[PDB]
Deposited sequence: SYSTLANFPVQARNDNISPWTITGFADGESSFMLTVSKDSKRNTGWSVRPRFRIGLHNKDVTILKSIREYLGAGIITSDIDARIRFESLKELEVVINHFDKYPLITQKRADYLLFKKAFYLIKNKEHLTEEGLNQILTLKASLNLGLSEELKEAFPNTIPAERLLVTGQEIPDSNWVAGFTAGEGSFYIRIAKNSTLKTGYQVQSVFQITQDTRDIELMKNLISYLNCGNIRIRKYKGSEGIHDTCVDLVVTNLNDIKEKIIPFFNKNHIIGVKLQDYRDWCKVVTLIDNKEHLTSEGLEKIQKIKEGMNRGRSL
């Protein structure tokens, strides 16, 4: 059985909290509904069934992508019990909090009033992309509810495993560089990318893993390039607390290249070619 913290982390990466407000058969003229969803590439449904098995709720689909969705009041109650017990720690937590207030309004059927509808619109206004042009036009001078800035340490190894399984990256960097014998440097790279709103979170993870540097481009990158930070810290970490989903295979290929660099012979033409073939067949070049 899959761990709950793996679930929260993975959701921290890939989930969405939504409120749909559609013109409508009804007295306020508007329909209000909450949605919670997690979406992945089609190849990873087994994770969803397992997660589904843990919570005992969610409806799964597989088409152009794979999604598990929670749309009924009871299932979202299951979702809320989960994230209340095993809380989110990225900025998406703030989205969660808006969703949760709205959900409760909806549970009490307060959404069927102009007053209640409007309060819900105040929650939706600060939720994700906020109010659409259509909704701004139909309901102007709306003041958006305040959104909590979440400011947080790593709760569990399985959380990191879920988050890296969504947003993490293992890639091989090849740089044209004449000062090297092969004409190329080979680097094993671990990376996490996140909007700057959570730099604190990134930093506790750096602290949590005892390695990596921050690169700022707004976006932030956690980047690990050091070979025996990679060897003696990152890989053992994801070795006891497993990366899940299709991304593991990339991780394994990443390990193989790390092994090749570790035996110091990636610095030969035959070896550099070898690593190149593997890199071109990992991550996006996989087809």
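Numbering the deposited sequence from 1, one finds several regions with no C-alpha coordinates, namely 1-15, 40, 168, 235-244, 315.
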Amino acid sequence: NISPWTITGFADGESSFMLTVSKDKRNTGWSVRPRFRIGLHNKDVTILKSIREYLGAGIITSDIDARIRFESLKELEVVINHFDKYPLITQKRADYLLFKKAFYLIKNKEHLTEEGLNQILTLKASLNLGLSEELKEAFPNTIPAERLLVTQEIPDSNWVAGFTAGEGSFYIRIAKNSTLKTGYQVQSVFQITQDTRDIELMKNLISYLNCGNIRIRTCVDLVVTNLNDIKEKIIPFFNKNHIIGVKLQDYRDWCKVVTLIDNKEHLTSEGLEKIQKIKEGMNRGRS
From here on, numbers count along this sequence of modelled residues.
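As listed in the deposited structure, the average C-alpha B-factor of 185-193 and of 202-210 is greater for 202-210. In this crystal structure, the stretch out of 48-56 and 35-43 whose C-alpha atoms carry the higher mean B factor is 48-56.
Ranked by Cα temperature factor within the chain, residue 177 sits in the highest third according to the deposited record. Among all modelled residues in this chain, the alpha-carbon of residue 63 has a temperature factor (C-alpha) in the middle third. In the deposited entry, the Cα temperature factor of residue 101 places it in the lowest third of its chain's modelled residues. Placement of the Cα temperature factor of residue 151 within the chain: highest third of the modelled residues, per the deposited record. Per the PDB record, residue ranking by Cα B-factor puts residue 170 in the lowest third of the chain.
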